[PDB]
Each structure stands twice: as C-alpha cells, then as structure tokens.
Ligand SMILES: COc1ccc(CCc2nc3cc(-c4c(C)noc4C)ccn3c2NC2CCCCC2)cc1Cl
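The chain below stands alone and is given in structure tokens; this is the form deposited without the named molecule.
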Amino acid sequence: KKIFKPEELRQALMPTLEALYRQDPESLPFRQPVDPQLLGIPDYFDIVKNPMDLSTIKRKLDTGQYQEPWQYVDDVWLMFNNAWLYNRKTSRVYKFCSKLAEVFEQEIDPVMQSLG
C-alpha cells in the first residue's frame, strides 16, 4: 500500500487545482461554497445533498486532510456533479462546469500516473 505524505499530495495536485481556478469566468461559481440565500436558489440543498467547492478542496489539500489522492479526485467530481445536477443542461453554469471538467480530466491523468 502506497503511503502518501500530505506534502507529496499537496505539491503534486496543486497545479491541477490551479488549472481549475485560472479559468475565468468559468471557475467563479465554484470558488466559494454555494450560498443559496445570496444566490436566490433556496432549493439548492433540497437537490444537492453534499456540497463541495474549490475553496474546500484547496483547504484540504493545503492543510493535509487527504489520506490518498483519489479522495481529491472524489471531491472534484462531487463538485462538478453537484453543478451538473442543479443546473439545466444548456445553462451557463452547466457549461462552465463542463469546461472545468474538461480541463481537469486532462490535467489529472498524468499526475495520478506519477503518484502511483
């Protein structure tokens, strides 16, 4: 069984996380936890049972809260899947999510291969 030091996951995965953040305007809806009242979508938690966003993912990676790197992959897809569930398939935020997901699928593959 691989043993992953927090510092190894941090340095290896941070560039993939930067690749999501740097997408402008597509990353903006994902940068902070969804605030249903401020956004005027009060049925958000009626639909999304487990919220996830970039700031949470970034904190876990920065402070060493992942035991193994596929939990980071889990959190990223949970964030995308939340957005694809709540938002209609042709809407702006659905398309934004799809753009971030395209970037991620591309960046994460070689990084996960090198982590073993």
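Just count from 1 along the sequence shown to find any residue number.
Although it is not shown, the form solved in complex with the named molecule is what the next lines describe.
No clash is found between the named molecule, overlaid from its position in the entry with it bound, and the backbone or C-beta atoms here, as no atom lies within 2.4 Å; the site counts as open. Against the named molecule in the entry with it bound, the set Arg10, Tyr21 and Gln71 makes no contact: no member has a heavy atom within 4.5 Å. Proximity of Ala83 to the named molecule in the entry with it bound falls within the 4.5 Å heavy atom cutoff. For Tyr44, a non-hydrogen atom is located within 4.5 Å of the named molecule in the entry with it bound, even though that partner is not displayed. Shown alone here, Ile57 lies farther than 4.5 Å from the named molecule in the entry with it bound, counting heavy atoms only. When contacts are judged by a 4.5 Å heavy atom cut-off, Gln65 does not count as touching the named molecule in the entry with it bound.
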